[PDB]
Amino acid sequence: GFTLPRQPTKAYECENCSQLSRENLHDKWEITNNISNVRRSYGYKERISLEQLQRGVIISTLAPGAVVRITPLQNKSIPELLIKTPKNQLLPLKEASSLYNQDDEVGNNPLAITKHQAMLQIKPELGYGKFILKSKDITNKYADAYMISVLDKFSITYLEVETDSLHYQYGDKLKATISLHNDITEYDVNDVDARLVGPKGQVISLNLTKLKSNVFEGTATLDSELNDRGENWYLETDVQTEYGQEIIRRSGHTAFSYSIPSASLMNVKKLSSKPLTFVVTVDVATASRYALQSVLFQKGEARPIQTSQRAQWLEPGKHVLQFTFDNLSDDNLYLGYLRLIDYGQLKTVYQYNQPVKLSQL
């Protein structure tokens, strides 16, 4: 017998669990022998209102040829838009795009600026800096709000974000690193905002600390009790600073997985050698369909021989799950991992990824 690391279980309210299969199934398959969520952004995204568009919204770029996208957040029309260049030339938005993009007789060219959406690449001749996007008028037919996306395509200034893990569970502390880089300039950042957004739109704000002039660390406790149903969480951050007369604005995102520890593995023992059968004790908090997956491994070459999977419906309480391999001596074999999946969450809720020699079972 081998005792596995303890993991207190946590119950969750599941809406789709009743629809899951109640079939007790065992599968086996042959097999043979992402690490980081680091993400860089060369632009930013923001939500703006029609009231802000009327007054004018700052579009800040650091290099020529930035790409700008304006989409309504309601199923309504976009206003006729104007853009003020950094040299205070007021233009119809279309006149800030190339002659090619303004031409309706190219055919292959998309009608990139319409009443439904507006997308453009700023002509390199207009340079870079502070552009002002403004509405020509306001009516009760335009959308209330818009998503502005700015890709500063040819800027060497980027925002780098990452979390200390790809996967978390209920009660874990998440740590994020947020850094603003340019290999020529050293920035001093003070205006930073960051949060965690869940699949149902639930928000967990990050508590930030300044590590360096351009580096921030953020922490939060992940304590959502909701089922993510296979969907992921995102770290969202927004940074703004100034370097001389230039606005440095970057926003970034990175994904991470989250689960509720709805069930845990406790003890694993070898039941038989012919056929190679193992039994694992499981503590279940929420009635759902669970799958226990394991891999049999074999100077010396270590390689997987077969994967086994036991999937069944489990009510709250203690259970014994059985899994078998086809098959070599006990000394030349070991269990590569012990993973437990909750199909109600479509997440691994328990995993032991350390080798377990059969001589320990």
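Quick note: we count residues from 1 along the sequence shown, nothing fancier.
Missing residues between residue 298 and residue 299 in the deposited sequence, please: none, 1 to 3, 4 to 9, or 10 or more. Gap between residue 298 and residue 299: 1 to 3 residues without coordinates.
Between 157-165 and 224-232, which has the higher average C-alpha B-factor in the PDB entry? The stretch with the larger mean CA B-factor is 224-232.
With reference to the PDB entry, specify whether the mean Cα temperature factor is higher for 46-54 or for 304-312. Per the PDB record, 304-312.
With respect to the C-alpha temperature factors reported in the PDB entry, which of 113, 263, 255, 239 ranks highest? Out of 113, 263, 255, 239, the record gives the largest C-alpha B-factor to 113.
Highest recorded C-alpha temperature factor, please, choosing from 105, 172, 152, 144. Of 105, 172, 152, 144, 105 has the highest C-alpha B-factor.
Going by the CA temperature factor in the PDB record, which third of the chain does residue 136 belong to: lowest, middle or highest? Its C-alpha B-factor, which the entry lists for residue 136, ranks in the highest third among residues of this chain.
Would you please rank residue 186 by its C-alpha temperature factor against the other modelled residues of its chain and give the third it falls in: lowest, middle or highest? Its C-alpha B-factor belongs to the highest third of this chain's values.
Lowest, middle or highest third of the chain for the C-alpha temperature factor of residue 217? For residue 217, whose C-alpha B-factor we compare with every modelled residue in the chain, the answer is the lowest third.
Would you please rank residue 201 by its C-alpha temperature factor against the other modelled residues of its chain and give the third it falls in: lowest, middle or highest? Middle third, going by the recorded CA B-factors of the chain.
Using the B-factor values recorded in the entry, state whether the Cα atom of residue 84 falls in the lowest, middle or highest third among the modelled residues of its chain. Its C-alpha B-factor belongs to the middle third of this chain's values.
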